[PDB]
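Notes follow the structure.
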Amino acid sequence: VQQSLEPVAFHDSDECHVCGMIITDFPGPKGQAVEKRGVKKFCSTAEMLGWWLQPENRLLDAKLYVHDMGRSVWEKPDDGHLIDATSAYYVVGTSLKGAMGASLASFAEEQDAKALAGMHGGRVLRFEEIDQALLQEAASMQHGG
Amino acid sequence: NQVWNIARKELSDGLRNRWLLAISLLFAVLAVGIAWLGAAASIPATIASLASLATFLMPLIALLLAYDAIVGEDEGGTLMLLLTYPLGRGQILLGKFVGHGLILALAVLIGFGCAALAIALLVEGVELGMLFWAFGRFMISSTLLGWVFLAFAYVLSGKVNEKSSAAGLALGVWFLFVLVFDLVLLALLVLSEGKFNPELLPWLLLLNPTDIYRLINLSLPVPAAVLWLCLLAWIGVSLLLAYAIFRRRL
Amino acid sequence: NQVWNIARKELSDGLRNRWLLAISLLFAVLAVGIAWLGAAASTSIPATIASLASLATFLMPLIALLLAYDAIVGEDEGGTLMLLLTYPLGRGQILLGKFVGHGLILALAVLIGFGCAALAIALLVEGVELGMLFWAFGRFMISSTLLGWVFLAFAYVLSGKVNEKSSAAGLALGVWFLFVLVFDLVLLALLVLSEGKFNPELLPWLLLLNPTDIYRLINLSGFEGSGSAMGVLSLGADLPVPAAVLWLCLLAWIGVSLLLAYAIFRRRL
Amino acid sequence: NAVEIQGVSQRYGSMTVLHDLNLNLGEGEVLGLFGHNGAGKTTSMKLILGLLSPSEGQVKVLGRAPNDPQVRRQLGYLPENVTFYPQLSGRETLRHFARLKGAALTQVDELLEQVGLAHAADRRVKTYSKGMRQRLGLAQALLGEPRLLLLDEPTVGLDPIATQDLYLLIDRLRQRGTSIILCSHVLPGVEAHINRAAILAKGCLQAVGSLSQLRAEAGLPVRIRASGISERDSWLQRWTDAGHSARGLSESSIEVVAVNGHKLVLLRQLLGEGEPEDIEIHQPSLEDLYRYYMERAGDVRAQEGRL
Amino acid sequence: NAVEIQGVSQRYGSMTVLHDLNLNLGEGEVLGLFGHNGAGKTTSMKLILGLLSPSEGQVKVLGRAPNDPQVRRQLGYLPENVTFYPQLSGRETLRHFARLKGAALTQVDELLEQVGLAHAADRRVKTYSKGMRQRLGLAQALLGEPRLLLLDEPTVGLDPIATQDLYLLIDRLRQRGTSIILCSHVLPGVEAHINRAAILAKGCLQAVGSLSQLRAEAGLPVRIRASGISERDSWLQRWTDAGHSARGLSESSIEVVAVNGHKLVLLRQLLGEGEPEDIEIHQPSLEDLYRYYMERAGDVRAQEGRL
Amino acid sequence: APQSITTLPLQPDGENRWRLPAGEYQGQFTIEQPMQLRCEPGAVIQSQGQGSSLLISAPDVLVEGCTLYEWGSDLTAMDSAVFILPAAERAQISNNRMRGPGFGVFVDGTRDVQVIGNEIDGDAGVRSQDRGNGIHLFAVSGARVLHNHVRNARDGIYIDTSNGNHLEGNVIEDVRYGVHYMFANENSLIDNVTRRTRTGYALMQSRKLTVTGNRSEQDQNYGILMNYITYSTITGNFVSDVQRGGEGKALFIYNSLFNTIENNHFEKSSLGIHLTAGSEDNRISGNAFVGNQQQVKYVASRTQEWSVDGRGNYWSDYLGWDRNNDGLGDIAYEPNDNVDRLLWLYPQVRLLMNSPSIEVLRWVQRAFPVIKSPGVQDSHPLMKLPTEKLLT
Ligand SMILES: [Cu+2]
Ligand SMILES: [Mg+2]
Ligand SMILES: [Zn+2]
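Shown next, in the form of structure tokens:
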């Protein structure tokens, strides 16, 4: 379906689907889920992949788009660079301040993901091995101590 | 008119039936108990449970009434006698349908006025304007469902030659139109893992008169009158098929 | 012996019924499906034991009551009962021959169903020990045949009294509805509405008045599992009787009803 | 003339169940249909009643077509083995049939007195026997003022006294002008009551006529049974040389199987030699004529012990 | 003797059903039982069959007690309406009954060729007509070597040919020493094959004996008709000299009723003057004797056009 | 910004204690000395339309009894009323009526704040996006807010990255979030009242915090939202009548971990508790689930036990018996079926809801335990109400 591919721009009153908080107030990449009805919007990429791993939303025909941080500044991402989340490069373990969960920084290229693994000591991975236990471990190692 | 002359005999013979009286008494007792349980704990939960009870039992009463209307008269030898009278094959079927429909209307009136009286006696501060409208729609839809399965029994009785096979075909009709259709619809929903067309399911919900009764009593891209027109069509097409089967037998 | 002649007639008469063949095929395929579900969910042994017990409880009284609802009242209105009474026979010989033939049909259906389920379990689950499987399934066939004979004697009692086949069919339907569903719902309502404060000692002893609960108390002796898998039969743990008393009670349920059927058939003319 | 069949030939597909039947029933006459080989009795029966149509032929019942609404109001029919609605009473069933036939309800109880069902008129017919169900089926057949009756086995399960009274009622209705067709598989019992017979073979019509015409057409012997006129052995020899059989029975009984063509001379000697005090002379009855007329169209006789 | 009922006064409690019945059946007799009011015939049926125990007197069947196996392996019983087992075939039902009676299985073939069921021995009983079921009931009745048959309406629904052949087979069986009891309500039809008649009314046995002794005991008018008489005007009055009423119904169908004491002079008058065609010497039949014996026990004739 | 001593400083006692008299004043004011000002009823410190009304940068300030009115609304400039710097220490504001469109009481680093018993009734205008925070605590330690009264604001008591403070007796009405916590380790809130708030108590990414005795009357969306919180304790709360706005959930557990949820009371909501798939193995025992349309939503096939130490929860729709007379039911309670999971997975089954085949399927699940999927059952449920003092 071609009506499930267009990314909707973020407004100033858009609320997250899970936390309910104002989305355009926190830094870091955001997340969007476009199925054939209206769009679900998330304030963080780690709050989205948490929504995606639920058994209710897994069997849906929703397209997931994530902000591209290789062509954008971390402080204020722009809606022009919205890449497909299933083909994306997620680096975790960095000390960058996110919004809700782990600091999953998203990219589309090899070199910037390798860099953000380099001078922050994180690990780069793909979409399909994102798990609940890895998300909780990353959140504990980032927001614990 | 001979239609009333056959309908009076059908009224007497149906009112002197032991199985119909037992099933109608159990239906009235269950309706009073459901009204008691709904009043002790309001309106739309009791309406939904009574709709489930009516969907369970009213095909059973309508098939118990008329599974031997044509084949049972043929085995008794009075069918050959009645055709020598100044009578038609349409008039016999129409008189039997009128008599059995009056029996079913009396049964739902007793077993539903009892529940309405129990609801009005037990629960106070519920007034009468919404109750009369909801119960009137409820008994009218129950009579229409009973007439649908009456016409189904008239279809199935004329085809068979022995009374024992008519009971098995009536049991198969009761099983297929109540349990099997919704179970295979649910199995088609599960096995197609959610990419089934959402505009197609409410329009294949119109192919079974039991869910038309539920969609009437649960108020859906369809309007609120095409359900009534579909129920009247389910009466009329099956009555025409029963007449066409009866006119070509023997 | 004329009992074997009556049984040889009754076997070939009952094996030509098509409703019996359809229901026995349904029982076999449902037992195979329950065994496959238990093998897929496998430790889930008490769940499939309780499911097989519930399936046999719902289906085998139906088979027995479908066989023997017209054994006496169908012969009397068919005109052959007086003819058989003029033959060199008694009435106990006729009743015993009919019971032997219908019991052989019941045992054949039970053996087919619980052989198909056992074969499905043996072929599906790898590494299953045969020492538990053979014992549990042999207990299943013996108790299922005993329950079928109980409802055979019930059908003989209900058929020797009436004088029309429609009343016999109605009484068979009432007997099937009363012992399977109505008794358990009455016990559940008595337990729930009183919150367990209505004769706590006598309440587990009322399980011996229903053979369909003695059957599940027999077959749920080895594998209790969890307390939510029985419902009202969790009251059966408070019974102080040993395991053989339930078998003796099932045999008494056969014998008392068979003696009552013989008395009614002897008095009937 | 009621029933004026003029050459019907009913065919249920390729084979013809009824072939070239020419029947002509009179007014105030009694006809008896007999036959078992083919389905010619049942097809002509449905042709008269209007439950069937001739493939090639004409049927005229009471002048008009057999399916006219005015013809069927003056027609009576007693079918085979009919059981009525078992939960209705004996009077409610007759009231229902009188309302369907367009008769008067004030006749109904009179019919309930006429067929002898006055005492059991307020009981359900599931408690009825076969005889009272036949009486109820006759009482619904005499509803209104019928001009043509079709009874199929009207005296099955009835008492012998009720059988005699039923045949007296049939003759009383015949004297007024009605015409009755009785079908029976028992030929002794209707033989003294029918005015004309009609034997049907496998799709064909063998012989129609009175019993005198059938006995004249069929050269059938006469059976004489005597108990000691003078002697058995003295009367054994006289019929043998003249062309008649004399059965050698045990003692004090003479059985004569004669030709009934020369018996006018023959019985004068039997009068002149002894007393007629214990004798019975039987003309060839309906069973012998039925046997001859179905032997004439095939259907050879059975063995010594058979059927 | 086969049946030796002596002094049985069987009661159903506070009322008396049978009252002092003394019936002695010989060997080779085809004695029939007639009666419609009361349960006198049916209680006698269950008394001979051993289904009922006598409250008084003694019933002796074949010399021994009527509930012994040695007399129940030598007794044949054909009931009225037997449905049999519709799922079994024709061979299996007869094999089952032969195994129950202890007879030989090869006879199961021969009896199936003896009545009518050689062609339909493989079809189920649900595809059988009424006559075919009567043939099957006769086939199980003749199993083994029976010495006493107790047939109850053996020719209901049967053929007009198979009725004659069944009575021929019954005559063959009575020529070999067996004794048959026929119960039937169709009195015309069994009166040519019985040797004795027993009429029961109000529980009592009104009359027993042969058909000649019954006519000798019961003074009844002889109903002679001389059809095709040459002259009728003096035939109206020439029979009334000795008390024989001469009443005519057609051009020559006059039924002269005699006094059964002047049979020589009426036949002399008929034969000396006037030439006949077919004299029907209508002796008082079983129907008229039954009517007279029910009238003697207390009964009234119904009105005109009744019952 | 004029100093606070520009207004007439009549001095009652000699420990740097002043007493501002009644009357209206104008403009912003600043305290830079360790002063103990105590106003009188009628001392209105109404500014024009802008600026922080009472900027406090001084240790040991015990300002008490003002009637501050109409401060600013520029949130990016933080136009609060009682802006308190980290340079100030031991602030002790108390008992002052407050009306304005901006932040109520903003502290951004001060240790041991004692905001006690203030009425911070905000303006009913704006779309609640820019209403401001009454009692904003940013990077605070050792604070204690007591008996406050916040009304008509945006997400009012907002705690941001605070290690140790106490919340008690605060009545919160007509706000979006009642109490919002983000990154608050070792926290505690006791006996709070929340009425007509859009999501009530939101706890997001905190750890080791104690939630005890707080009430929530006539909320919407969610009663208590639990998001990424660990090692917590939810004991003695009372959530009542959560209406739709979501469908209405009394407790919403999302991406959480080993917490303790005991002795609560969730009543008259469309959903008693919604447990997400990622949050499992929490100690849940002793709660009361009365009056809810659906008690537990757990869309998974992994089994979960909801009873620790042999004692379970109270369920209003529980039909059981206690013959042993120990207080705990004699049969386990299954809150969910397979048809409920089919309805949660596929919403089109909502069309096939009143069908007789649905009741046939539920009876098949009851009769045949093989087709039952593992769920959220608890062994030994209670028979009587464990919490009665929460019902008052
Ligand atoms: Cu937040
Ligand atoms: Mg307990
Ligand atoms: Zn979020």
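Residue numbers (the working numbering), protein chains in the order written: chain A, 4 to 148; chain B, -1 to 248; chain C, 1255 to 1523; chain D, 143 to 449; chain E, 143 to 449; chain F, 1375 to 1766. Positions of the beta carbon are idealized from the N, C-alpha and C atoms, including for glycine.
| said: Tell me which residues share the same chain as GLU1542/F and place their Cβ nearer than 8 Å to its Cβ, disregarding the 5 neighbours each side in the sequence. | reply: Within the sixth sequence, the letter at position 168 stands for residue 1542/F. Same-chain partners within the cutoff: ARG1518, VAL1519, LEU1520, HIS1521, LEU1563, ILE1564, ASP1565 and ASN1566.
| said: Please confirm whether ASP1324/C has its beta-carbon closer than 8 Å to some beta-carbon of chain E. | reply: Start at 1 with the first residue of the third sequence, and residue 1324/C comes out as number 70. Output row for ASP1324/C: interface = no.
| Is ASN1698/F near ligand 2, going by C-beta to nearest heavy atom under 7 Å? | Within the sixth sequence, numbered from 1, the residue matching residue 1698/F stands at position 324. Yes - ligand 2 has a heavy atom lying nearer than 7 Å to the Cβ of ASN1698/F.
| request: Return the first residue and the last residue of the beta strand (DSSP E) that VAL398/D is part of. | output: On the fourth sequence, position 256 is the one that residue 398/D refers to. Its beta strand (DSSP E) spans residues 396 to 400.
| query | What beta strand (DSSP E) runs, 3 residues minimum, are completely inside the stretch 317 to 405 of chain D? | reply | Within the stretch 317 to 405 of chain D, the complete beta strand (DSSP E) runs of at least 3 residues are 321 to 325, 338 to 342, 347 to 351, 364 to 368, 387 to 389 and 396 to 400.
| Do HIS1648/F and ligand 1 come close, with the Cβ less than 7 Å from some heavy atom? | Numbered from its first residue, the sixth sequence carries residue 1648/F at position 274. No, the beta carbon of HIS1648/F sits no closer than 7 Å to any heavy atom of ligand 1.
| query | Between the C-alpha atoms of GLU1329/C and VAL364/E, what's the straight-line distance to the nearest angstrom? | reply | Taking the first residue of the third sequence as position 1, residue 1329/C is located at position 75. Taking the first residue of the fifth sequence as position 1, residue 364/E is located at position 222. Taking the straight line from one Cα to the other gives about 48 Å.
| field | Limits of the alpha helix (DSSP H) - the one that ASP430/E falls within | value | Within the fifth sequence, residue 430/E is the residue found at index 288, counting from 1. Its alpha helix (DSSP H) spans residues 428 to 438.
| C-beta neighbour in chain E for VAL328/D, strict 8 Å | The sequence position of residue 328/D within the fourth sequence is 186, counting from 1. It does; some Cβ of chain E falls within 8 Å.
| said: Strictly below 7 Å CB to CB, what residues from chain E border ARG1270/C? | reply: Position 16 of the third sequence holds residue 1270/C. The contacting residues are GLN229.
| Cβ pair count under 8 Å reaching 3, the stretch 290 to 298 of chain D against the stretch 157 to 164 of chain D | no
| query | Any chance the CB of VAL1500/F is under 7 Å from a heavy atom of ligand 3? | reply | Along the sixth sequence, one-based indexing puts residue 1500/F at 126. For ligand 3, not one heavy atom lies less than 7 Å from the Cβ of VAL1500/F.
| task | Just tell me which of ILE1627/F, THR1380/F, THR1381/F and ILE1546/F has its CA closest to the CA of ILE1509/F. | result | For this step, residue 1509/F is matched to residue 135 along the sixth sequence. Closest by alpha carbon: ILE1546/F.
| request: Return the residue from the list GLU1455/C, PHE1433/C, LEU1279/C and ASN1453/C that minimises the CA-CA distance to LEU1463/C. | output: The residue you call residue 1463/C lines up with position 209 of the third sequence. Taking only the C-alpha atoms, the option nearest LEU1463/C is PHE1433/C.
| task | Check distances from the C-beta atoms of the stretch 216 to 230 of chain B to those of chain F and list, in chain order, the residues that come in under 9 Å. | result | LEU216 and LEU218
| task | Report yes if the C-beta distance between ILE1732/F and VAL1744/F is below 8 Å; otherwise report no. | result | What you label residue 1732/F is simply residue 358 of the sixth sequence in a count that begins at 1. What you label residue 1744/F is simply residue 370 of the sixth sequence in a count that begins at 1. It is not a contact, given that the beta carbons lie outside the stated cut-off.
| Within 10 angstroms of its Cβ, does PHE1431/C collect 16 or more other Cβ (buried), or is it exposed? | One-based indexing of the third sequence puts residue 1431/C at position 177. When all chains shown are included, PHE1431/C counts as exposed.
| said: Please classify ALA339/E as buried or exposed, where buried requires at least 16 neighbouring CB atoms within 10 angstroms. | reply: Here residue 339/E refers to the residue found at position 197 when the fifth sequence is read from its first residue. With 16 or more other Cβ atoms inside 10 Å of its own Cβ, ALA339/E counts as buried.
| message | Rounded to whole angstroms, what is the Cα-Cα separation between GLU397/E and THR305/D? | response | For this step, residue 397/E is matched to residue 255 along the fifth sequence. For this step, residue 305/D is matched to residue 163 along the fourth sequence. So the two alpha carbons sit approximately 21 Å from each other.
| query | In terms of residues, what are the limits of the alpha helix (DSSP H) holding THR53/B? | reply | Within the second sequence, numbered from 1, the residue matching residue 53/B stands at position 55. Unbroken alpha helix (DSSP H) run through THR53/B: 41 to 64.
| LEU1625/F to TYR1575/F span [Cα, whole Å] | Taking the first residue of the sixth sequence as position 1, residue 1625/F is located at position 251. Taking the first residue of the sixth sequence as position 1, residue 1575/F is located at position 201. Looking at the two C-alpha atoms, the distance is approximately 10 Å.
| How many angstroms separate the CA atom of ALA222/B from the CA atom of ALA132/B? | The count along the second sequence starts at 1 and reaches residue 222/B at position 224. The count along the second sequence starts at 1 and reaches residue 132/B at position 134. If you take the alpha carbons of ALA222/B and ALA132/B, they lie about 14 Å apart.
| message | Using 8 Å for Cβ pairs, my map puts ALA102/A next to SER16/A. What's the rounded Cβ distance? | response | Start at 1 with the first residue of the first sequence, and residue 102/A comes out as number 99. Start at 1 with the first residue of the first sequence, and residue 16/A comes out as number 13. With 8 Å as the limit, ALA102/A and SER16/A do not qualify as a contact, their Cβ atoms being about 17 Å apart.
| message | With H, G and I counted as helix, E and B as strand and the rest as coil, what does DSSP make of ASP1438/C? | response | Start at 1 with the first residue of the third sequence, and residue 1438/C comes out as number 184. If DSSP states are grouped into helix, strand and coil, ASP1438/C belongs with the helices.
| said: Which residues of the stretch 114 to 142 of chain A have a Cβ closer than 8 Å to any Cβ of chain F? Give them in chain order. | reply: Within the stretch 114 to 142 of chain A, the residues whose Cβ lies closer than 8 Å to some Cβ of chain F are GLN135, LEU138, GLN139 and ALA142, listed in chain order.
| message | Assuming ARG233/D is part of the beta strand (DSSP E), what are its boundary residues? | response | By 1-based counting over the fourth sequence, the position of residue 233/D is 91. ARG233/D -> not in any beta strand (DSSP E); alpha helix (DSSP H) instead, spanning 232 to 243.
| said: Between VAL257/E and chain D, is the shortest Cβ-Cβ distance under 8 Å, so that the two count as touching? | reply: Looking up residue 257/E in the fifth sequence gives position 115. So, interface residue.
| Is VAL1524/F helix, strand or coil when you go by DSSP? | By 1-based counting over the sixth sequence, the position of residue 1524/F is 150. Of the three classes helix, strand and coil, the one that applies to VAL1524/F here is strand, per DSSP.
| said: Here's the rule: buried if 16 or more other CB atoms are within 10 angstroms of the residue's CB, otherwise exposed. What is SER1630/F? | reply: The count along the sixth sequence starts at 1 and reaches residue 1630/F at position 256. Label assigned to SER1630/F: buried.
| Below 8 Å between beta carbons: does that hold for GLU1621/F and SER1653/F? | Start at 1 with the first residue of the sixth sequence, and residue 1621/F comes out as number 247. Start at 1 with the first residue of the sixth sequence, and residue 1653/F comes out as number 279. No; because the gap between Cβ atoms is not below 8 Å, this pair is not in contact.
| query | If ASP1453/F sits next to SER1426/F, beta carbons under 8 Å apart, how far is it from one beta carbon to the other, in whole angstroms? | reply | The residue you call residue 1453/F lines up with position 79 of the sixth sequence. The residue you call residue 1426/F lines up with position 52 of the sixth sequence. Right, their Cβ atoms sit about 6 Å apart.
| query | In the DSSP assignment, what residue or residues form a beta bridge with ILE1647/F? | reply | Position 273 of the sixth sequence, counted from the first residue, corresponds to residue 1647/F. Bridge partners of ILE1647/F: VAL1670/F.
| Beta carbon of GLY182/D nearer than 8 Å to that of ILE341/D | Walking along the fourth sequence from the start, residue 182/D turns up at place 40. Walking along the fourth sequence from the start, residue 341/D turns up at place 199. The answer is no: Cβ separation not under 8 Å.
| message | For the stretch 1301 to 1333 of chain C, list every residue whose C-beta sits within 7 Å of some C-beta in chain F, in sequence order. | response | Those residues of the stretch 1301 to 1333 of chain C that come within reach of chain F (Cβ to Cβ, closer than 7 Å) are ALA1301, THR1302, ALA1304, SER1305 and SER1308.
| Under the DSSP definition of a beta bridge, which residues are partnered with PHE1512/F? | Taking the first residue of the sixth sequence as position 1, residue 1512/F is located at position 138. Its beta-bridge partners are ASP1534/F.
| request: Compute the Euclidean distance between the alpha carbons of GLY319/D and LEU291/D, then round it to the nearest angstrom. | output: Locating residue 319/D in the fourth sequence gives position 177, where the first residue counts as 1. Locating residue 291/D in the fourth sequence gives position 149, where the first residue counts as 1. One C-alpha to the other measures close to 11 Å.
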